[PDB]
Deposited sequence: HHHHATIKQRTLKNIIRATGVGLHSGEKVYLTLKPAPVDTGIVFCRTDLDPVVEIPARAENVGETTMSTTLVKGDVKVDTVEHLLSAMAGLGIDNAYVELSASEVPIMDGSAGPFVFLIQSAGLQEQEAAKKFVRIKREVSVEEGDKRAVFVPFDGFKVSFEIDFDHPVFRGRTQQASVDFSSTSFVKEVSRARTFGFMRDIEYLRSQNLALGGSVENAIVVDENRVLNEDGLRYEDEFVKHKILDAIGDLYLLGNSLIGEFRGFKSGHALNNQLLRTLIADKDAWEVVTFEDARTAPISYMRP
């Protein structure tokens, strides 16, 4: 039968702090009707300001992916969106009491746990996918982000950081067969000490600590208990790309390859894709058995 749209089965509540703002924030995830998409709702404002998590609403892409509507922003959406994408949630309202999603432990792990504890609900409408049919590339200097046709969903990333902690970093994950939860969800964000005074002077990384980030000095990881994966850095790049890519508003059938890319170039890739309507089409699957991707039991 049809691959169906999914929402949350129960409401999820969490409390935390913004990575960049350091502000205390209350998060509530709620079920939503078919074809809603993921919508962020600033419930601290009167009237409540609602910003769909779509490429067209992205404003800043400096350190994190920020959604903007007028002078209202929702910062650092990428880790929560990665969790939504990885678990195949189409529709949800994300209520926030402040301008930034809580950082939690720096990864998507707490979000996938909270969501999977609440359970998902399959809905009575076909899931829509955006299928890549032509190569679409954006470049800026030595950075590159590309979509390639691929019968499934796969993300590759290569980073060239000149830094002792890497002993070149590259990974490729095929989710049409390897699972977001186990391969990527637990990969934490990271920051270099050389940047933190500068960042904090610009009101960035104000909530950052060893509790919610891999902190790297000149030569080593400062976190007492070390890394969750040997290649945690590049796995986090992949986590970020999955989230930024979900700003398309539908799951992808295709391959993403990133080369020193980040939030700004990821968003540029989506905008270029959306503009080139020869490069993609919207599809559904009336038989899950012949589809190129699958999802975990809800």
What are the unmodelled segments when the structure is compared with the full deposited sequence, in sequence order? 1-4, 172-173
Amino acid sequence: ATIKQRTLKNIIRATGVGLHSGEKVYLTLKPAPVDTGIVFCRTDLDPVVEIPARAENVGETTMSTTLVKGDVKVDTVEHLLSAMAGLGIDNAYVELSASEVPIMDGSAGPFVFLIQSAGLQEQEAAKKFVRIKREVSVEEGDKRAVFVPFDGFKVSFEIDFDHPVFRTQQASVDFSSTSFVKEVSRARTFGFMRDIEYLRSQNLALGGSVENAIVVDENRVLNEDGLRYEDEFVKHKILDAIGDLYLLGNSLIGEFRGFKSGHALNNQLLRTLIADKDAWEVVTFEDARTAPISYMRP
From here on, numbers count along this sequence of modelled residues.
Quick one: higher average CA temperature factor, 124-132 or 100-108? 124-132
On average, which has the higher Cα B-factor in the deposited entry, 13-21 or 286-294? 286-294
From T168, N91, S185, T76, the top C-alpha temperature factor is at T168
When the entry's CA B-factors for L114, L204, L87, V146 are compared, the highest one belongs to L204
Considering only modelled residues of the same chain, in which third does the CA B-factor of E95 rank: lowest, middle or highest? lowest
Taking the values exactly as deposited, rank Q5 by C-alpha B-factor within its chain and report the matching third: lowest, middle or highest. middle
What third of the chain, by the recorded C-alpha B-factor, contains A264? middle
Divide the modelled residues of the chain into thirds by Cα B-factor and specify which third, lowest, middle or highest, holds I196. highest
Consider only the C-alpha atoms of the modelled residues in this chain, order them by B-factor as the entry records it, and name the third containing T62: lowest, middle or highest. highest
